[PDB]
C-alpha cells in the first residue's frame, strides 16, 4: 500500500475532518494527509467571506451573529448502506446547530439551530434505505420551558432530547424526550433502529454525581414507532417550535413505545454500528470494556420477548483503560481507542461474543501504541457495508514531543495506520489544529465535484431574485442602482478587470456590491476587498456573490481583487468615492 503521494500523483481517498473548536470542515487527501481545502461552516472566513457575504448569512440565519462553533462529527449521506456522495453533515456543540455541506460545490448550503435544546454533540446518519434522517444528540439537560423560574435538573420538566432532522429539507422532523442525557449515536442497516450513549443517567451537574451509577445505558429508538406516532398525531410541541415532540422517558418503570434502555457501564461514550450491521458497539470509557448490543435481538426487546434489557448484550470484552471509540475493517475485527492506555486495540467481534458465553478465547489480536491519548478513530468506509479495511486514522489529543515545539498550545496528532494486513502499521503522524474529533474517508470515485458554478445554483438564488427586482441581468449588467440611502452595485468581472471600476455614494449609504464571475475557465477565482471597511469575499467562475457594508467614511476608498488571478492581478482594482455628510441633507 503506497504511503507517499509524489508530485503529480493524486491521493486515493478524500478525508473530511471536523475542525473542532475552530468550527470549519477540512478536506484532506489520504494517504498524503495534506489539507486540500477548508470549508467554512460555523467560523467566519476572511478569504471567501463566509459569515460576511449576504449568501452565507442567509444560510446561517439568525445564528450569523455567532463567530464560533465546535464541530466533532462529520458524516456522508448514504443510499442502501453505501456513501452516495451528496451531502456531508456536521454538528455544532457550541451554538446547538447542524450544518449541511453540498459535496459537489464543497460549501455549507444549509444550517439549522435545533430548537429547545442545548449543545448538539453526537450526530450520525440513517443508512437504509438511504439518509432520510440526520440523527443528532443534545448533550445537556435543561428546563422546559427554560425561562429562569426552574433550574433543577431533577424537575420533571428538565430533560434533553434526541433530534431527527430531514436530511433533504434540513428542517426538524421530530424530537424524542429521553431520560438521562445523550453523548454519541449511530443507526442500524434497516432504518428501524438508532441508538445513543448516555453518561448522565444521574441527571447531575457535578463530577461525582455524573459518575455515581455503576451503569448508565445506551438508549435505543424504534424509529418506526416514532414515525407512527407522528403520522397519528400523537405528539406535543414545545414553545414556538412546531417540531413533533415524543416522550421517550420511562414512567414509573414502564417503557415508552419509542425507547428501550440497555444498562451499559460506565459513562459510556462511543456508539458505533458494525459494518456487518450486527451490533451497536458502545465504548465503556470509565469501564475498561465495550458492550455489544445485538441489533437482531432489538425487535424482540421491543416486543417484550426478553426478560431483561441486558439480554440484548451479547458481548462485553475487557479491552483496556479508557475505551472511547470503535471502528471496523470489514473482516470481522473491531478497532477501539484506549484513551488512558494510549493505544488502539484490535479485536475480533465474534470471538468476544463467544467469550461472553464463557468459551475462554483470546479475542484481542494486537495493541498499537499511539501518541497520545486517542479519542475517535476511523477506518476507511467503516460506516458502510463496503468497509474496505485499508486505512485507519486515530485522532489523539496530546502530541507532546511528536512535532517541533510551537509554544504552550500544541497540535493534535492524527495518525494514519495501515490495517490492510493482520498487523497494524503506524505510517504517518499528521499534526492538526483545534482538535479534530472525528473524520470520515471516501474513495476518490465516491465524490464528484463541479469545477464551475451553475447559474441557477440555490446557493445564490436569493441574490438572483433581488437582482431581478432591480431589473438586473447578472450575466451582463454593470449598473449602480440607487434607492434612498441604499446603493446596490451590480457588476460582471473577468480577469483582470472589475466590470464597475468606480462608483460614488453619500456618507452613511448602505452599499451592497454584487459581483458575477462571468468567465468559464476553471481555477480563475476573483476576490473583492474594500480597504479599511472589513469587506472581503470570493467570486469563483460563474458564481454570483454579494456583500453589504456602510460607507461610513468620506473620501476615496480603494477596492481590489484579493485572489491572484492574472499577471495583472495587482492592477485589478476600483474606487468607491464617498461624498461627505456635510455636503448632503442632515439627519440626527
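Positions refer to the first chain, counted from 1.
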Higher-B stretch (mean Cα B-factor, as the entry records it), 41 to 49 or 56 to 64: 56 to 64
Between 72 to 80 and 307 to 315 (mean CA B-factor, as deposited), the higher: 307 to 315
Of the residues 408, 253, 268, 85, the one carrying the largest Cα B-factor as recorded: 253
Top residue by Cα temperature factor, when 101, 379, 230, 487 are compared in the entry: 230
Comparing residue 212 with the other modelled residues of its chain, is its CA B-factor in the lowest, middle or highest third? highest
What third of its chain's C-alpha B-factors does residue 521 belong to: lowest, middle or highest? highest
Comparing residue 566 with the other modelled residues of its chain, is its CA B-factor in the lowest, middle or highest third? highest
Ranking the modelled residues of this chain by C-alpha B-factor as given in the entry, is residue 124 in the lowest, middle or highest third? middle
Among modelled residues of the same chain, the CA temperature factor third for residue 437: middle
